[PDB]
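Okay, structure first, notes after.
Every chain is numbered from 1 and lettered A, B, ... according to where its sequence line falls, protein lines coming before strand lines. These values consider heavy atoms only, across backbone and side chains, with no hydrogens, waters or symmetry-generated copies. For ligands, and for the atoms within them, numbers begin at 1 and follow the listed sequence.
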Amino acid sequence: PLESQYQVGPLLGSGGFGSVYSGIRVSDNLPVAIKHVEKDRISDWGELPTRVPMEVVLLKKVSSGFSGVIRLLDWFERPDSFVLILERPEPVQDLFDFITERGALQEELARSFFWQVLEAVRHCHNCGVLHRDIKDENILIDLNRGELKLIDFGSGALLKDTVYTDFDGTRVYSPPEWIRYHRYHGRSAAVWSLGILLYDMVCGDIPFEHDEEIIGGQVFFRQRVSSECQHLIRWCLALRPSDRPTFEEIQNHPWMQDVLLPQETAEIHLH
Amino acid sequence: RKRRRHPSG
Ligand SMILES: Cn1c2c(c3ccc(Cl)cc31)[C@@H](C#N)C1(CCNCC1)NC2=O
Ligand SMILES: [Cl-]
């Protein structure tokens, strides 16, 4: 029974998805997030080996001691909703707010964060899960540990090698082949969103707002950024999906060398 | 220049 086992606190966020609250598991005072997903706005459903949101299937698949992805601790069904209990880092800030407050990130910091996001996304893909909504709003920073956590699997799918013709993630992080053709492959679309994310980190906002910008093929740098970083970004944002790097090629890029440890990142940049 | 969130969908 949900209401007996968690003490509900303040609302943390709400939107199309539903509403998420701060909570504490009464058992051991563990910080949690309590996410209410209305059944009306659930598009994709799966089956665990009952009928659940696809979000729950994907979360169960990536669930692990690895801290780069949010851990689903439990879930409950109600008449008109599902309630998802997620681990909550404390103290925490999302990457959207962090970038808004701090502006364009130093490259050392962006390298550490981007590397951690890569490792998180590789974890998802290794577990058979395509996220489909990689963005700064869907990344939490454990401020004490300097560890990033990928959240919000509400637009995800099972990973496959064929074309996707559906998409409900964030349009400004979506690739030109989706904008033009309503078609994309999972990995190359993911790399496109990672390009957008990296630009966002080093310039302080995303490069494109409009469809014509997304398909136009020009990346203008509004901030002073190293040539090596520009090169990686522009590779991730190649118009042709087959011109984009693999995850291996990203992590082997010269800009990606000599990453800080999470603990070093916290000490130098967060504490 | 205005930075904003972009809801999914
Ligand atoms: C503040 N917050 C939010 C989310 C959180 C998940 C865990 C924790 Cl610790 C905090 C969270 C997401 C949800 N629901 C999303 C869901 C929508 N996209 C951003 C993340 N919304 C949040 O507001
Ligand atoms: Cl979430």
Side-chain angles (χ1 to χ4, degrees), chain A residues 2 6 8-25 29-39 41-44 46 52-59 61-64 66-76 78 81-101 116-117 120-121 123-124 127 129-157 167-174 193 196-197 200 206, chain B residues 3-9:
Chain A
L2 188 168
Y6 302 94
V8 188
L11 184 75
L12 296 177
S14 63
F17 69 92
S19 300
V20 54
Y21 294 80
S22 186
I24 293 153
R25 188 163 67 193
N29 296 316
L30 191 78
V32 299
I34 307 169
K35 181 181 192 172
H36 300 260
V37 171
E38 267 176 8
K39 288 181 177 178
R41 275 286 178 200
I42 297 167
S43 183
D44 291 356
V52 299
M54 185 52 37
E55 181 168 6
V56 171
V57 172
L58 303 174
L59 283 164
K61 283 172 71 58
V62 304
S63 179
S64 148
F66 174 65
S67 74
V69 180
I70 201 104
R71 197 171 306 148
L72 178 63
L73 301 172
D74 204 11
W75 66 275
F76 301 89
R78 287 162 153 185
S81 63
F82 285 87
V83 193
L84 276 52
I85 316 293
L86 301 163
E87 259 201 298
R88 168 167 65 79
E90 222 311 280
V92 75
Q93 193 175 40
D94 84 36
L95 181 61
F96 181 90
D97 289 339
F98 186 87
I99 295 163
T100 305
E101 295 180 7
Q116 284 189 51
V117 176
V121 173
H123 174 77
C124 293
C127 296
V129 170
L130 184 74
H131 190 280
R132 301 201 295 181
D133 202 15
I134 298 160
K135 56 177 170 169
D136 58 5
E137 305 183 63
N138 290 339
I139 299 164
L140 299 185
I141 312 166
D142 190 332
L143 295 160
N144 277 355
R145 300 199 69 206
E147 288 173 0
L148 269 55
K149 195 181 294 309
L150 185 61
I151 70 168
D152 190 355
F153 288 74
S155 313
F167 177 71
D168 290 282
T170 307
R171 196 170 179 88
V172 291
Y173 282 79
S174 84
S193 69
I196 302 299
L197 178 69
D200 179 51
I206 62 175
Chain B
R3 174 173 158 77
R4 64 194 202 77
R5 295 180 172 259
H6 304 79
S8 311

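Note on ring orientation: taking the six-membered ring where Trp is involved, the planes of A/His131 and A/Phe153 are perpendicular (angle over 60°, cut-offs 30° and 60°).
For ligand 1, residues of the protein lying within 4.0 angstrom by heavy-atom distance are A/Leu12, A/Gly13, A/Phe17, A/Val20, A/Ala33, A/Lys35, A/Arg88, A/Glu137, A/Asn138, A/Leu140, A/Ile151, A/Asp152.
Residues passing the ring pair (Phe, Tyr, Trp, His ring centres under 6.0 Å) test with A/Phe96, sequence neighbours excluded: none.
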Just do the salt bridge (charged side-chain N to carboxylate O under 4.0 Å, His left out) check on A/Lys149 and A/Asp94 with the steps written out, would you? CA-CA 9 Å; A/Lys149 195 181 294 309; A/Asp94 84 36; over 6 Å; no
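For the residue pair A/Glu147 / A/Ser67, a side-chain donor-acceptor distance below 3.5 Å is found, with atom types taken as modelled. Defined by atom type and a distance below 3.5 Å, a donor-acceptor pair is present between the side-chain atoms of A/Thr170 and A/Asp133.
Aromatic pair B/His6/A/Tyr173: centroids not less than 6.0 angstrom apart.
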